[PDB]
């Protein structure tokens, strides 16, 4: 069946909740309203107030209580209304959730999922979220996933809900309804930690994920018009990321451009770039080039410019090709 990302995410939750009574959804406006993006629409009506619960306006309480629920007996899927707003409950996430298994020598676990909309790139009247994944990746103990297709949304969210390790699930708001795709209604999951090959190429490797997907794909198309075959690789899982997939692609093409809308400095793509340089120096025909969000707060007026454009991506590709 064809469906948008919102629909896929919703179906994933519905499916998992039907399979396990321990799966519960909690967060701001997730019940009666069905979420500000309707990701949890109809769930309260079907599963009740004990399975889907609106919480007070406190991210610390949301992340923290979820950790407590997970340690005790439930499989909570917490929602942070926007990736930007994870900060009020940052300590709960990094000091309690991330380190529970480690500090307790394995006596206590955190089978919980924290989903959240992120990025800008769309003016639907909603808050533009500066992608904070780097903060999570830098914190040992958290698995981080960022989806970009309805098919992946369902497969991976279900995977996260079954995964015993804490998973931070990022959903690019601009992609919630940007395009429909065939999404099997049958039960299926995707593997966390594995990248997805969107397009095969041999001249250039385009490493990306989430928010920037649209521009990256069109850039590959433009490149094709010029006789350049670009391999588009959607990492999907930022931690642990698909080391093999990355290195095999760069080894092949010899030149790579990494794209993301997250701030440049100490960003996740910076990590991948630095790792490519440390391990495949001998396979590089050009310097690993990073196309990222600028090192400024997310600008509302210049949203069109902050989010990497097809042009910005192509200029980097050219630089990598002409090198």
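Numbering follows the first chain given and starts at 1.
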item: Higher-B stretch (mean Cα B-factor, as the entry records it), 105-113 or 191-199; value: 191-199
item: Between 21-29 and 302-310 (mean CA B-factor, as deposited), the higher; value: 302-310
item: Identity of residue with top Cα B-factor, from 81, 237, 139, 129; value: 129
item: C-alpha B-factor winner, where the candidates are 135, 180, 72, 158; value: 180
item: Lowest, middle or highest third - CA B-factor, residue 39; value: lowest
item: Residue 68 - Cα temperature factor, lowest/middle/highest third of chain; value: lowest
item: Modelled-residue ranking by C-alpha temperature factor, third containing residue 278; value: highest
item: Third assignment of residue 56 from its chain's C-alpha B-factors; value: lowest
item: Chain-wide C-alpha B factor ranking for residue 292, given as lowest, middle or highest third; value: middle
